Amino acid sequence: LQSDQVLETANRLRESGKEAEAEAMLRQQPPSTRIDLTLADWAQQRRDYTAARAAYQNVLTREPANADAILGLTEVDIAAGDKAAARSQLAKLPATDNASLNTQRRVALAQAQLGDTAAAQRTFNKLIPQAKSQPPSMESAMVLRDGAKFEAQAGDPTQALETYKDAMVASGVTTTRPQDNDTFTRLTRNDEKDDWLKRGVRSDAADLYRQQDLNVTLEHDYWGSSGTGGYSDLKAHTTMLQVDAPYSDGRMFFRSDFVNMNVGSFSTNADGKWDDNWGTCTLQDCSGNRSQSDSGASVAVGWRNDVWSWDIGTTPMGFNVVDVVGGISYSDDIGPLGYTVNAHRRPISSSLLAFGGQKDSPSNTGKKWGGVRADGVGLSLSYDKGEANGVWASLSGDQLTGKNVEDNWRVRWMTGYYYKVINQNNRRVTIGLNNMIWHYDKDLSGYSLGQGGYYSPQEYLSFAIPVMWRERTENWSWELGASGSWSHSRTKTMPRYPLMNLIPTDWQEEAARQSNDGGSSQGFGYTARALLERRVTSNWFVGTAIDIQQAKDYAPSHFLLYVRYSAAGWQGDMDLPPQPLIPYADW
Ligand SMILES: OC[C@H]1O[C@@H](O[C@H]2[C@H](O)[C@@H](O)[C@H](O[C@H]3[C@H](O)[C@@H](O)[C@H](O[C@H]4[C@H](O)[C@@H](O)[C@H](O)O[C@@H]4CO)O[C@@H]3CO)O[C@@H]2CO)[C@H](O)[C@@H](O)[C@@H]1O
């Protein structure tokens, strides 16, 4: 056909991006409707709405209600966001016929996004058995993958898993249908030479299988920080047990921790008496509580998915001060920028006084204080398409309050630019720059009565240069890196006992005469973090991680070991990076 030669002439111009214009000047003579539909599809692939509707009018001027044009109109209306117009256009579709599986799949998808699940289910129940009998190809693989996704969204995960297992035969991942979970996970592994459809099938099948599994983890981590014995010589142990069970689209988790806080003993020298900046010992010598240690247990329950997450729990029961923490989060995408808002209630685990609170010596006052809880909101912005760049930012503001402590509030701001030197599937090395600015209304770093004993700089500014190295193989997954930082702090002079209602009347004048001097300091800091994970058998995984914090921010170091149990059995690609259990207080 003469028109066929014209069409292929334009098809030999797709190398240049201006082939649409060339078709436009070529079709200045009456083009009938076949080339019009071809250029309408071309316009649909590149940009939408405006010219798509222009071509809609051009075809509809002299068309006998073509099914493809109307279907494209439905798709455009769904993209535009007009439910009524899209539904009307879908109803305008002609009666069902042979309708080669592609157009049926598009109509079923449009019905799925148009609130017609009661008809989309029937459409896909008719589409899948016929596609199964066909030999392996692209369209059959696409329709099988879309049916598996629809069944996953429908509610039944078993049918989606079966469809995903079958889809590999049509796509070309495997010649024979898998009959066991181990082969399924092994075929979900990534390959450096795969088509887009094959990559998508592997990714979504692996994600669905990981979501639909039972995991049990046990982790014990040793954390602490050097300091003066009695209130700051922190040496703490925590044991956490977590079980992740699938539920609807997301995963439900149950976490239970067991802490053991040991801060040492007072270095008494004045004949069984000590006079340190803790409690009210500087007004009168303290005696009786030479050893300071505590332990407790906590329970956490929550549910999360891709869109929004929430959790609820309590602070470790057994401590001097106990409170009910909580949190919630939401995530979405705006263009190329992703934002994750959240409102959280978290305690401070930097010290025993901040976390569970201490008790003053029975000789002087014998009163309980501490237990700082931060209730605030935060806004985080992320942007990453993942070729040679990455930028993230975050801002949060809390209201630091606690039992028998002075009220305080903070406004933190974190930002960072990370550059991926290697962007391989199994290897990722990132070098970038980090910036952090914090501001606290009141300096409560002292451990005296009325203060929270937590790092609260009035003005903070830190610049860090982190270097990362993420790599994985068949059985090993490790991460090694370091980050040197330069920080500048500036505190202000505050009275030693901001809240004067607890101190005795006799010591009131001397208490007022005592104040905590403020100062400014700057210096270089560094931090080193390493991770390791090894898959021993198909069900049990073991790993460990070491965190070293020397950034002058009084952050304690962390050394953790954990073992993960998988009920189903995962023989697929390892986690990049390995994912240890973050402590509940650190959330
Ligand atoms: O065929 C009609 C059918 O089309 C559907 O839309 C399809 C497009 O037809 C199809 O060209 C497109 O495939 C893209 C794919 O989106 C890209 O991801 C891919 O680029 C890959 C690359 O192949 C990989 O090697 C590499 O690793 O990653 C990049 C991407 O990161 O390139 C191909 C071709 O350009 O996918 C669309 C979605 O299916 C319509 O949805 C449907 O209505 C029509 O019936």
# chains A, B, ... in the order shown; residues from 1 in each chain; ligands from 1
call {"tool": "residues_around", "arguments": {"residues": "residue A:408", "least_positions_apart": "4", "cutoff": "7 Å", "atoms": "only C-alpha atoms", "output": "list in words"}}
result
residues 399, 400, 401, 441 and 442 of chain A
call {"tool": "write_last_selection", "arguments": {"atoms": "N, CA and C atoms", "output": "PDB file, in the first residue's frame"}}
result
ATOM      1  N   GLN A 399       8.631  19.685  71.305  1.00  0.00           N
ATOM      2  CA  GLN A 399       8.333  20.406  72.544  1.00  0.00           C
ATOM      3  C   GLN A 399       8.813  19.533  73.700  1.00  0.00           C
ATOM      4  N   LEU A 400      10.068  19.716  74.102  1.00  0.00           N
ATOM      5  CA  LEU A 400      10.680  18.840  75.093  1.00  0.00           C
ATOM      6  C   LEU A 400      10.071  19.090  76.468  1.00  0.00           C
ATOM      7  N   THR A 401       9.388  18.081  77.003  1.00  0.00           N
ATOM      8  CA  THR A 401       8.769  18.160  78.318  1.00  0.00           C
ATOM      9  C   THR A 401       9.035  16.864  79.070  1.00  0.00           C
ATOM     10  N   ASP A 441      15.805  26.164  73.002  1.00  0.00           N
ATOM     11  CA  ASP A 441      15.450  27.366  73.750  1.00  0.00           C
ATOM     12  C   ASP A 441      16.236  27.470  75.051  1.00  0.00           C
ATOM     13  N   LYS A 442      16.370  26.365  75.780  1.00  0.00           N
ATOM     14  CA  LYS A 442      17.036  26.359  77.075  1.00  0.00           C
ATOM     15  C   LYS A 442      18.079  25.253  77.117  1.00  0.00           C
TER      16      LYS A 442
END
call {"tool": "residues_near_ligand", "arguments": {"ligand": "ligand 1", "cutoff": "7 Å", "atoms": "only C-alpha atoms and all ligand atoms", "output": "PyMOL selection string"}}
result
chain A and resi 102-103+106+194-196
call {"tool": "write_last_selection", "arguments": {"atoms": "N, CA and C atoms", "output": "compact mmCIF listing (two decimals), in the first residue's frame"}}
result
# COMPACT_ATOMS: atom_id res chain seq x y z
N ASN A 102 -4.72 -7.24 24.04
CA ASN A 102 -4.15 -5.93 24.45
C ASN A 102 -5.28 -4.95 24.79
N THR A 103 -6.23 -4.75 23.88
CA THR A 103 -7.28 -3.76 24.10
C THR A 103 -8.18 -4.15 25.26
N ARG A 106 -6.39 -3.16 28.36
CA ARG A 106 -6.48 -1.72 28.60
C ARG A 106 -7.86 -1.34 29.14
N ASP A 194 18.36 -7.80 31.15
CA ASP A 194 16.95 -8.16 31.16
C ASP A 194 16.14 -7.04 30.54
N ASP A 195 14.99 -7.41 29.98
CA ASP A 195 14.07 -6.42 29.44
C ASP A 195 13.38 -5.66 30.57
N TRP A 196 12.72 -4.56 30.20
CA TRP A 196 11.98 -3.78 31.18
C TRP A 196 10.86 -4.59 31.81
call {"tool": "residues_around", "arguments": {"residues": "stretch 259-270 of chain A", "least_positions_apart": "4", "cutoff": "8 Å", "atoms": "only C-alpha atoms", "output": "CSV table (one decimal) with N, CA, C and O atoms, in the first residue's frame"}}
result
chain,number,residue,atom,x,y,z
A,229,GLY,N,31.4,8.8,86.5
A,229,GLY,CA,30.7,7.7,87.2
A,229,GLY,C,29.5,8.2,88.0
A,229,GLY,O,29.6,9.1,88.8
A,230,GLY,N,28.4,7.5,87.9
A,230,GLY,CA,27.2,7.8,88.7
A,230,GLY,C,26.0,8.3,87.9
A,230,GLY,O,24.9,7.9,88.3
A,231,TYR,N,26.2,9.1,86.9
A,231,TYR,CA,25.1,9.6,86.2
A,231,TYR,C,25.4,9.6,84.7
A,231,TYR,O,24.5,9.8,83.9
A,232,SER,N,26.7,9.5,84.3
A,232,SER,CA,27.0,9.6,82.9
A,232,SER,C,27.9,8.4,82.4
A,232,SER,O,28.2,8.4,81.2
A,233,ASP,N,28.4,7.5,83.2
A,233,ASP,CA,29.2,6.4,82.8
A,233,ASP,C,28.3,5.3,82.3
A,233,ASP,O,28.1,4.2,82.8
A,234,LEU,N,27.7,5.6,81.1
A,234,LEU,CA,26.6,4.8,80.6
A,234,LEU,C,27.1,3.5,80.0
A,234,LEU,O,28.0,3.5,79.1
A,235,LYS,N,26.6,2.4,80.4
A,235,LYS,CA,26.8,1.1,79.8
A,235,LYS,C,25.5,0.3,79.9
A,235,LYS,O,25.2,-0.3,80.9
A,236,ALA,N,24.8,0.2,78.7
A,236,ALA,CA,23.5,-0.3,78.7
A,236,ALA,C,23.4,-1.5,77.7
A,236,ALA,O,24.1,-1.5,76.7
A,237,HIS,N,22.5,-2.4,78.0
A,237,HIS,CA,22.2,-3.6,77.2
A,237,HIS,C,20.7,-3.6,76.9
A,237,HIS,O,19.9,-3.4,77.8
A,238,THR,N,20.4,-3.9,75.6
A,238,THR,CA,19.0,-4.0,75.2
A,238,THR,C,18.7,-5.2,74.4
A,238,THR,O,19.5,-5.6,73.5
A,239,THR,N,17.6,-5.9,74.7
A,239,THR,CA,17.2,-7.1,73.9
A,239,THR,C,15.9,-6.9,73.4
A,239,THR,O,14.9,-6.5,74.1
A,274,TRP,N,29.6,12.6,98.4
A,274,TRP,CA,30.0,13.0,97.1
A,274,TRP,C,29.3,14.3,96.8
A,274,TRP,O,28.1,14.5,97.2
A,290,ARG,N,24.6,5.0,96.4
A,290,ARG,CA,25.9,4.9,95.8
A,290,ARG,C,25.9,4.3,94.4
A,290,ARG,O,26.6,4.8,93.4
A,291,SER,N,25.1,3.2,94.2
A,291,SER,CA,25.0,2.5,92.9
A,291,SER,C,23.7,3.0,92.2
A,291,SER,O,22.6,3.0,92.8
A,292,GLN,N,23.8,3.3,90.9
A,292,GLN,CA,22.7,3.7,90.1
A,292,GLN,C,22.6,2.8,88.9
A,292,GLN,O,23.5,2.8,88.0
A,293,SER,N,21.5,2.0,88.8
A,293,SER,CA,21.3,1.2,87.7
A,293,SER,C,19.8,0.9,87.6
A,293,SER,O,19.0,1.0,88.6
A,294,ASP,N,19.3,0.5,86.4
A,294,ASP,CA,17.9,0.3,86.2
A,294,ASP,C,17.7,-0.6,85.0
A,294,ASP,O,18.6,-0.8,84.2
A,295,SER,N,16.5,-1.2,84.9
A,295,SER,CA,16.2,-2.1,83.8
A,295,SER,C,14.7,-2.1,83.6
A,295,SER,O,13.9,-1.8,84.6
A,296,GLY,N,14.2,-2.5,82.4
A,296,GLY,CA,12.8,-2.5,82.2
A,296,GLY,C,12.5,-3.2,80.9
A,296,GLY,O,13.4,-3.6,80.1
A,297,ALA,N,11.2,-3.3,80.6
A,297,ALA,CA,10.7,-3.9,79.3
A,297,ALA,C,9.7,-3.0,78.7
A,297,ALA,O,8.9,-2.3,79.4
A,316,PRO,N,9.9,1.9,78.5
A,316,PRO,CA,10.2,0.7,79.2
A,316,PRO,C,9.6,0.7,80.6
A,316,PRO,O,10.0,1.5,81.5
A,352,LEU,N,20.4,8.0,81.1
A,352,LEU,CA,19.4,7.4,82.0
A,352,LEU,C,18.4,8.4,82.5
A,352,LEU,O,17.2,8.1,82.6
call {"tool": "closest_residue", "arguments": {"among": "A:388, A:299, A:542, A:341", "to": "residue A:585", "atoms": "only C-alpha atoms"}}
result
A:299
call {"tool": "residues_around", "arguments": {"residues": "stretch 363-371 of chain A", "least_positions_apart": "6", "cutoff": "10 Å", "atoms": "only C-alpha atoms", "output": "ChimeraX atom specification"}}
result
/A:279-281,283-289,315,319-323,347-349,351-357,401-406,447-453,502-504
call {"tool": "residues_around", "arguments": {"residues": "residue A:85", "least_positions_apart": "4", "cutoff": "8 Å", "atoms": "only C-alpha atoms", "output": "list in words"}}
result
residues 74, 77 and 89 of chain A
call {"tool": "residues_around", "arguments": {"residues": "residue A:174", "least_positions_apart": "5", "cutoff": "9 Å", "atoms": "only C-alpha atoms", "output": "PDB file with N, CA, C and O atoms, in the first residue's frame"}}
result
ATOM      1  N   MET A 168       6.376 -15.914  34.511  1.00  0.00           N
ATOM      2  CA  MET A 168       7.799 -16.086  34.125  1.00  0.00           C
ATOM      3  C   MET A 168       7.888 -16.937  32.847  1.00  0.00           C
ATOM      4  O   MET A 168       8.802 -16.685  32.032  1.00  0.00           O
ATOM      5  N   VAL A 169       6.973 -17.891  32.677  1.00  0.00           N
ATOM      6  CA  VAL A 169       6.976 -18.755  31.500  1.00  0.00           C
ATOM      7  C   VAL A 169       6.712 -17.938  30.242  1.00  0.00           C
ATOM      8  O   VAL A 169       7.380 -18.113  29.216  1.00  0.00           O
ATOM      9  N   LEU A 187      14.626 -17.359  41.022  1.00  0.00           N
ATOM     10  CA  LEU A 187      14.325 -16.724  39.747  1.00  0.00           C
ATOM     11  C   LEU A 187      13.935 -15.260  39.893  1.00  0.00           C
ATOM     12  O   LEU A 187      13.994 -14.522  38.903  1.00  0.00           O
TER      13      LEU A 187
END
call {"tool": "atom_distance", "arguments": {"atom1": "atom CA of residue A:434", "atom2": "atom CA of residue A:417"}}
result
6.5 Å
call {"tool": "residues_around", "arguments": {"residues": "residue A:251", "least_positions_apart": "4", "cutoff": "7 Å", "atoms": "only C-alpha atoms", "output": "PyMOL selection string"}}
result
chain A and resi 211+244-247+303-305
call {"tool": "select_by_dssp", "arguments": {"residues": "stretch 54-154 of chain A", "states": "helix (DSSP H, G or I)", "output": "number ranges by chain"}}
result
A: 54-61, 67-80, 83-91, 101-113, 117-133, 138-154
call {"tool": "select_by_dssp", "arguments": {"residues": "stretch 168-294 of chain A", "states": "strand (DSSP E or B)", "output": "PyMOL selection string"}}
result
chain A and resi 215-225+234-247+250-265+274+278-279+286+291-294
call {"tool": "write_last_selection", "arguments": {"atoms": "C-alpha atoms", "output": "CSV table (one decimal), in the first residue's frame"}}
result
chain,number,residue,atom,x,y,z
A,215,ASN,CA,9.7,-13.1,60.1
A,216,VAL,CA,11.0,-13.5,63.6
A,217,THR,CA,14.0,-11.6,64.8
A,218,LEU,CA,16.0,-11.4,68.0
A,219,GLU,CA,18.7,-8.8,68.6
A,220,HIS,CA,20.9,-7.8,71.6
A,221,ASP,CA,22.9,-4.6,71.3
A,222,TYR,CA,25.5,-3.1,73.6
A,223,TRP,CA,25.5,0.7,73.8
A,224,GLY,CA,26.9,3.3,76.1
A,225,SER,CA,29.1,6.4,76.4
A,234,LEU,CA,26.6,4.8,80.6
A,235,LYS,CA,26.8,1.1,79.8
A,236,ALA,CA,23.5,-0.3,78.7
A,237,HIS,CA,22.2,-3.6,77.2
A,238,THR,CA,19.0,-4.0,75.2
A,239,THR,CA,17.2,-7.1,73.9
A,240,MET,CA,14.5,-6.8,71.3
A,241,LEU,CA,12.1,-9.4,69.8
A,242,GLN,CA,10.1,-8.5,66.7
A,243,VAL,CA,7.6,-10.5,64.6
A,244,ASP,CA,6.4,-9.1,61.2
A,245,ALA,CA,3.1,-10.5,59.9
A,246,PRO,CA,1.4,-9.6,56.7
A,247,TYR,CA,-1.9,-7.8,56.7
A,250,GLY,CA,1.2,-3.6,54.4
A,251,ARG,CA,3.0,-5.5,57.1
A,252,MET,CA,2.0,-5.7,60.8
A,253,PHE,CA,4.8,-5.8,63.4
A,254,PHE,CA,5.0,-6.5,67.1
A,255,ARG,CA,8.1,-5.3,69.0
A,256,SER,CA,9.1,-5.9,72.6
A,257,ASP,CA,12.3,-4.6,74.1
A,258,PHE,CA,14.2,-5.3,77.4
A,259,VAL,CA,16.6,-2.6,78.5
A,260,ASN,CA,19.3,-2.7,81.2
A,261,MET,CA,20.7,0.7,82.0
A,262,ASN,CA,23.9,0.8,84.1
A,263,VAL,CA,25.5,4.2,84.7
A,264,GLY,CA,28.1,3.2,87.3
A,265,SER,CA,28.5,4.5,90.9
A,274,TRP,CA,30.0,13.0,97.1
A,278,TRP,CA,23.8,15.9,90.1
A,279,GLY,CA,20.5,16.4,91.9
A,286,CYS,CA,24.5,13.0,99.3
A,291,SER,CA,25.0,2.5,92.9
A,292,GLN,CA,22.7,3.7,90.1
A,293,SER,CA,21.3,1.2,87.7
A,294,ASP,CA,17.9,0.3,86.2
call {"tool": "atom_distance", "arguments": {"atom1": "atom CA of residue A:444", "atom2": "atom CA of residue A:586"}}
result
20.0 Å
call {"tool": "atom_distance", "arguments": {"atom1": "atom CA of residue A:410", "atom2": "atom CA of residue A:375"}}
result
10.5 Å
call {"tool": "closest_residue", "arguments": {"among": "A:382, A:62, A:483, A:344", "to": "residue A:430", "atoms": "only C-alpha atoms"}}
result
A:483
call {"tool": "closest_residue", "arguments": {"among": "A:392, A:41, A:166, A:361", "to": "residue A:339", "atoms": "only C-alpha atoms"}}
result
A:392
